[PDB]
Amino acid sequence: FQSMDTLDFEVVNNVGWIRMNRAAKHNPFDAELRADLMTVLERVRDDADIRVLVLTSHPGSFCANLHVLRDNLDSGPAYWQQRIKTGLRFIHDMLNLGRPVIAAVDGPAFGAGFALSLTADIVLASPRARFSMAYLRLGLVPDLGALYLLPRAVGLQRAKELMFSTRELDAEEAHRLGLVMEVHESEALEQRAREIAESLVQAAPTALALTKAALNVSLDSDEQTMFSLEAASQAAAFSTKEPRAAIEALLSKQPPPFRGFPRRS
């Protein structure tokens, strides 16, 4: 249990809970939050027993810094090319994280917050969740990998309308579009994230990491490359203890350690 400037981090039942802790400020994606998230990721890397992550906030907020923009308006192309790279190093790290990441969204996920939610493996939301890409309001292009991530979630035409309109997607529509897996009342959201995360603790870390890594590049790739990635990944999976444990159980007419997510209740 560690309380940081921009988040609280707690490991309970092999689940790393990242609770962003500046709800009134809407947890802005600034250098301070980036640094705290990097600290979390480094702790996660060094500890295989942190099996699953939940990314969330105090209720009513998620993630949604103009002074730092103002101060750097004329800093020049070389500066901005590098500053974008700093942001992208973080997104790169999220996509490469070999643990499942569940985002629980109970407030605005705008700009950086929407990009952040797009790096999660599973997104759960309440009816309070709002998603928006509003960079064009600032005369800017979408950053933090949004140009890459959004079309892979919703297709080209939908990405275009979202980024040009800068409109807010509500939870129901985000669910309709497959950005959000399930919608729950605000008062029930954390428990659902808990149930799902704790179920994934029982899943094989190797199978999890390899499945995530392959899915994350699938739409960048081609048939033979993905077929070769499948072959290497399955070979790796079969050299772990989990398939035997699962197979023996099922042949003994018993349920395997990972049975999927718990039924909604």
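Residue numbers run from 1 along the displayed sequence.
Participant: Are any deposited residues left out of the model between residue 64 and residue 65, and how many (none, 1 to 3, 4 to 9, 10 or more)?
Facilitator: The entry has 1 to 3 unmodelled residues between residue 64 and residue 65.
Participant: Mean C-alpha B factor from the entry: is it higher for 36-44 or for 215-223?
Facilitator: Mean C-alpha B-factor is greater for 36-44.
Participant: Quick one: higher average CA temperature factor, 66-74 or 52-60?
Facilitator: Stretch with the greater average CA B-factor: 66-74.
Participant: Name the one of 128, 158, 194, 85 with the greatest CA B-factor according to the PDB entry.
Facilitator: Checking the PDB record, the top C-alpha B-factor among 128, 158, 194, 85 is at 85.
Participant: Highest Cα B-factor in the PDB entry belongs to which of 79, 164, 135, 148?
Facilitator: If I rank 79, 164, 135, 148 by C-alpha B-factor, first place goes to 79.
Participant: Considering only modelled residues of the same chain, in which third does the CA B-factor of residue 198 rank: lowest, middle or highest?
Facilitator: Its C-alpha B-factor belongs to the middle third of this chain's values.
Participant: Sorting the chain's CA B-factors, does residue 237 end up in the lowest, middle or highest third?
Facilitator: Its C-alpha B-factor belongs to the middle third of this chain's values.
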